[PDB]
Every structure is written in C-alpha cells, then in structure tokens.
Amino acid sequence: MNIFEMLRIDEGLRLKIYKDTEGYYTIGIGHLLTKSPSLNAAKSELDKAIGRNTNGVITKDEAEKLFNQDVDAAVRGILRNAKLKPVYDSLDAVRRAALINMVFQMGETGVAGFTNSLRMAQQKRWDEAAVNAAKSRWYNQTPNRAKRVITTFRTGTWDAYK
Ligand SMILES: [Cl-]
Ligand SMILES: [Cl-]
Ligand SMILES: [Kr]
Ligand SMILES: [Kr]
Ligand SMILES: [Kr]
Numbered sequence: 174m175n176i177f178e179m180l181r182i183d184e185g186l187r188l189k190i191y192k193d194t195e196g197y198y199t200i201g202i203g204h205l206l207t208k209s210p211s212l213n214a215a216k217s218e219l220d221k222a223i224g225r226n227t228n229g230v231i232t233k234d235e236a237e238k239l240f241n242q243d244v245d246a247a248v249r250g251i252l253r254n255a256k257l258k259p260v261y262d263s264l265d266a267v268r269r270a271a272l273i274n275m276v277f278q279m280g281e282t283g284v285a286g287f288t289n290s291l292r293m294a295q296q297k298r299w300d301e302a303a304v305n306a307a308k309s310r311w312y313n314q315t316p317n318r319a320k321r322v323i324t325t326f327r328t329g330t331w332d333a334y335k
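Just so we're on the same page, our numbering is the position in the sequence shown counted from 1, plus 173.
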C-alpha cells in the first residue's frame, strides 16, 4: 500500500465531471475543478487543466496525470509549509502518508488548523491526537474516510485499508 493506492481508495475514479459531497465540480481521482456553481466554468477549468476540449470527459490516463500532479503538489506544499514540514519530518512513512492524504483533501490551510492534534502528533501521542482530530467538521462530514485516515495516523499501519 502507498499513498497513491490509499488516496485512490479514498477519492475513487470518475471520468465525467461530477459534484463532490460538498457539491463542487470535480473530476478524476478527487480533482476539484471549481467552487463555482457554473458547470460552464467547470468545463473551462477542465479544458485548461487537460489542454484540450474535453467536453467534460477525460480518459483514465488524463485522470492519472492530474492525480500524479496533485499528489506531487500535496507533498511539495507540506514541505514548504513551516507549520507542517516539521511534523512531517518527524513522522514515519505510513504516518507521512496519512498527513499527505489530509492535505490533498483539505489543503495546507485546513490542515494547518489541526494544530492541537498535530502537536500531539509531533509528540507521538497517538491516542490523544486521534481523539482530538475526531472533533472536527472534517470527521463529522466524512466520518468513514476520516476514520481510516485517523487510524493510519495513529497506528502507523495500513490496517484500515485492508
Ligand atoms: Cl491543473
Ligand atoms: Cl467517507
Ligand atoms: Kr493530526
Ligand atoms: Kr493521529
Ligand atoms: Kr490525526
């Protein structure tokens, strides 16, 4: 199991523009197109992303390309975030994956806000931090995913993903 496999399980794969749980236009493997209501806006954003006239549909290949990019940007964002980088570096590899997952899903920003947990996470207080992260809109909104991610973070194993 690795980060790609993990997020691929958590975000799925859709070839046609769809709305996420939040109702935002998205495509591929969790590739948010836009926050705007405009499906037109969304095709435009899509076209620009792919470099062609998609007409709201991409191939698998295209989807995996956005995904590679998105994973990559997620990692690089972490590493340029001053709050984040140090937690990251302190982590073992499974746990690092958990952090990247959250960052991909919520942004450096949304993640920036788990300060209380993350501190505990920097401290190796697996249980404490896990319980605190649970007190989050994040968890209440996508409890099953949230659960898998928090378990991975806490245990440092992929059990949740088997
Ligand atoms: Cl893009
Ligand atoms: Cl979920
Ligand atoms: Kr955390
Ligand atoms: Kr955690
Ligand atoms: Kr966490």
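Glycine included, C-beta positions come from ideal geometry on N, C-alpha and C.
Enclosing alpha helix (DSSP H) for residue i [first to last residue]
i           : result
residue 219 : 212-223
residue 186 : Unbroken run through residue 186: none, as it is neither H nor E.
residue 324 : 316-328
residue 264 : Segment: none, residue 264 is in no alpha helix (DSSP H) and carries neither H nor E.
residue 288 : 288-295
residue 248 : 233-252
residue 299 : 299-306
Spatial neighbours of residue i in its chain, beta-carbon cut-off 7 Å, leaving aside the 5 residues before and after
i           : result
residue 276 : 247, 250, 251 and 284
residue 267 : 325, 329, 330 and 331
Between the CA atoms of residue j and residue i - distance to the nearest angstrom
i           : j           : result
residue 291 : residue 327 : 11 Å
residue 186 : residue 309 : 26 Å
residue 307 : residue 235 : 34 Å
residue 207 : residue 216 : 10 Å
residue 335 : residue 321 : 10 Å
residue 280 : residue 274 : 10 Å
residue 198 : residue 214 : 9 Å
residue 312 : residue 229 : 30 Å
residue 179 : residue 244 : 11 Å
residue 316 : residue 183 : 12 Å
residue 299 : residue 323 : 9 Å
residue 232 : residue 188 : 6 Å
residue 159 : residue 260 : The structure shown does not extend to residue 159, since the chain is modelled only from 174 through 335, so no value can be given for it.
residue 270 : residue 296 : 18 Å
residue 319 : residue 225 : 35 Å
residue 253 : residue 211 : 32 Å
residue 287 : residue 258 : 14 Å
Contacting residues, own chain, Cβ-Cβ under 6 Å from residue i (five flanking each side not counted)
i           : result
residue 227 : 219 and 220
residue 289 : 305
residue 193 : 199
residue 302 : 290, 293 and 294
residue 175 : none
residue 265 : 329
Limits of the unbroken beta strand (DSSP E) element including residue i
i           : result
residue 198 : 198-201
residue 207 : 204-207
Residues near residue i in its chain [Cβ-Cβ closer than 8 Å; skip 5 each side]
i           : result
residue 181 : 202 and 240
Residue i CB to nearest heavy atom of ligand 7 below 7 Å
i           : result
residue 287 : For the structure depicted, ligand 7 is absent and the ligand set comprises only ligand 1, ligand 2, ligand 3, ligand 4 and ligand 5.
Around ligand 5, Cβ to any heavy atom closer than 6 Å, ordered along the chain: 290, 294, 302, 303, 306, 323 and 326
Decide if the stretch 199-211 is in contact with the stretch 224-243; the criterion is three or more beta carbon pairs, one per stretch, under 8 Å apart. yes
For ligand 2, enumerate in chain order all residues having a CB closer than 6 Å to any of its heavy atoms. 315, 317 and 318
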